[PDB]
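Here's a solo chain for you in structure tokens, the form deposited in one PDB entry.
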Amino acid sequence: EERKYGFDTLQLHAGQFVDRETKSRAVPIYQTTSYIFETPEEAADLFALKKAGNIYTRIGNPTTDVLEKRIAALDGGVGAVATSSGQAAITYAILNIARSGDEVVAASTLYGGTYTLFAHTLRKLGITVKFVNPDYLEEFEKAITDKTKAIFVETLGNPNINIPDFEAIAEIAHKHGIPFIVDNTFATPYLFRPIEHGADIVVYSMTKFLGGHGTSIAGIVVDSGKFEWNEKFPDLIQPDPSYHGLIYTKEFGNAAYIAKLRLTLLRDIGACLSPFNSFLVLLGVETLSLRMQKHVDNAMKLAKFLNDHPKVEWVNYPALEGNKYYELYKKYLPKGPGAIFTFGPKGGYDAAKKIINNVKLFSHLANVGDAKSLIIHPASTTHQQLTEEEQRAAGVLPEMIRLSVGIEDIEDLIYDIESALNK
């Protein structure tokens, strides 16, 4: 009769077992490549997948395992695989179910890096990502073909801060027998558990809020385990010749996708996470709810402040009255639609430049989801790779300042942004 722990317990404990050797309370940093095999048979068994155990950190690492289990536990997934980066998580999440010739439907409202991965890198690997305006559920529907393997959206458009109608998009995905992949980087499980809202697979840049401290690039893929792998995902339901005819759904049941992702993509492409990074991201995850609550409390107040400020044209934050995504925010992200939002100063690009140049507390850097408040001009930075049209479709605007509202004293954030605005 196992205990159902709360989020705040899970973010601290989940996936974390006291190692039998040292009884270390902290998750050891298993900064190891390798692990002893007690016997040839055990080694053969580990590689044959006949026995669970550590083989090689590229495949699996006991530090990272904590983080994987922890995020899976927070999202309510069966499993997760940490990656070297959000981008690697996204890459893996797609490549796990999409091969050359396959298609993915993605919101156009993506982080520039995902957009580029989708538009360019995956394109070159024969994966055609069809970008849809996520505001138009029919566009998901229209873009799906026999070749579509997934719908991919961000919980909160980097940096459109649009909230896809997850359950509606999930319905579309599931109607077509394809998984719904939600990049939940902007929300974290604390603000949004996409699995509860139809996501089959959640990915994160753990770089951002999950890690929370701007220290560690990291990604993770969380498998809901909810998705029935069908004939559109032959590699999940057919003998994998690289594992002597292992069938992921047969061997791993509902964990097929995440098992495959580890056994195929993590192992083969090796976008593995450093155990050190895992450890640092774990230290972030330990305070995730606390951070995220402060982040969203601050984001609300900063967004409300900017929303009423006479030198600000607009503020794009779902929680602001009259935001297009307000009701989606209330439905899906009731704790607050993340802590990243955009605003357009009066004076446009030139005012934006001046603001970004005159904030002293906001950190002008390429990141979101640091405990520290971050500012950037997506058009020239995060989404610089996108064509004007792709930027436009990603919700990028020339005057747009993106704020990742940190957990600083809101009064300081307001003061900082106010002082910058008054210059």
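We call the rigid core whatever largest set of C-alpha positions still superposes within 1.5 Å between the two forms. Don't overthink the numbering: it's just position in the shown sequence, from 1.
The following text describes the form deposited in another entry, which does not appear among the structures shown.
Just a single entry of 334, 126, 348, 270 exceeds or equals a 2 Å CA shift between this form and the one not shown, which is 348 (rigid core superposed). Once both forms are fitted on their core, a CA shift of 2 Å or more is seen for residue 383 between this form and the one not shown. Taking the rigid core as fixed, one finds a CA shift for residue 397 of 2 Å or more between this form and the one not shown.
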